[PDB]
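Since the structure comes first, as structure tokens, the remarks are kept for the end.
Cβ sites come from the backbone with ideal geometry, for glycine too, and all protein chains shown count toward neighbours. The values are calculated or read from the model by the stated rules, or taken from the named source; no laboratory read-out is quoted.
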Ligand SMILES: O=C(CN1CCCC1)c1ccccc1Cl
Ligand SMILES: [Zn+2]
């Protein structure tokens, strides 16, 4: 679990979005596994504006932050886990690291701020949904 809170926006994994998220829907993209909902209170996160390919992510299944190199956002086939199998996800970045069911919503950050949230994992890879192209979140 986990979310990004920037201005009056909450960014979550679309598949973890709550009733409240869908009641306050601003924007969702099935192909990116992202949903943005409106918040009453002000968020304190800043979104990175950069093409950083290094940063640090939070891994809840290890209670640890890991530094990683990660690929530029791309269209990628995500193999089966305990969710919908071999699905195509856009704006996805991969790194070598640990990701396990429950690690979704972990934030990936660089010196510029928030890059993305954990979305996929397995086989020693971690996938992050990029948010940096969503300039409107600012
Ligand atoms: O964190 C998740 C997604 N869900 C969050 C709560 C149940 C799982 C995940 C991470 C890595 C690999 C596969 C998955 Cl499903
Ligand atoms: Zn950066």
> Do we find a residue being without any contact (Cβ under 8 Å) to a residue 60 or more places away in the chain, touching a helix residue (DSSP H, G or I) at 6+ places or on another chain (Cβ under 7 Å) and either within 14 Å of ligand 1 (Cβ to nearest atom) or within 17 Å of residue 3 (Cα to Cα) (or both) anywhere in the range 53-76?
Replying inline: no
>> Anything in the range 87-106 that is more than 13 Å from ligand 1 (Cβ to nearest atom) and under 13 Å from the mean Cα position of the chain (by Cα)? List them, or say none.
In response: 90, 91, 93
> Do we have residue 46 as loosely packed, with under 14 Cβ neighbours inside 10 Å, under 20 Å from residue 2 (Cα atoms) and away from ligand 1 (no atom under 15 Å from the Cβ) here?
Replying inline: no
> Among the residues of the range 48-62, which ones are closer than 16 Å to residue 93 by Cα and either part of a strand (DSSP E or B) or more than 16 Å from ligand 2 (Cβ to nearest atom) (or both)?
Replying inline: 54, 55, 56, 57, 58, 59
> Among the residues of the range 63-107, which ones are buried (at least 18 other Cβ atoms within 10 Å of the Cβ), part of a loop (DSSP other than H, G, I, E, B) and away from ligand 2 (no atom under 16 Å from the Cβ)?
Replying inline: 97, 99, 103, 104, 105, 106
>> Looking at residue 110 and the list (1) assigned by CATH to the domain that holds residue 136; (2) over 16 Å from the mean Cα position of the chain (by Cα); (3) in contact (Cβ under 8 Å) with a residue 12 or more places away in the chain; (4) surrounded by 13 or more Cβ atoms within 10 Å (Cβ to Cβ), which single condition is not satisfied?
In response: (2)
> Of all the residues that make up the range 113-135, how many are touching a residue at least 40 places away in the same chain (Cβ under 8 Å) and over 14 Å from the mean Cα position of the chain (by Cα)?
Replying inline: 3
>> Condition check: away from ligand 2 (no atom under 16 Å from the Cβ), assigned by CATH to the domain that holds residue 130, in a strand (DSSP E or B) and touching a helix residue (DSSP H, G or I) at 6+ places or on another chain (Cβ under 7 Å). Does residue 37 satisfy that?
In response: no
> Can you name every residue in the range 111-138 that is within 12 Å of residue 48 (Cβ to Cβ) and assigned to a loop (DSSP other than H, G, I, E, B)?
Replying inline: 111, 112, 131, 132, 133, 134, 138
> Counting only residues that are surrounded by fewer than 22 Cβ atoms within 10 Å (Cβ to Cβ) and more than 13 Å from residue 89 (Cβ to Cβ), which one in the range 115-131 is nearest to ligand 2 (Cβ to nearest atom)?
Replying inline: 124
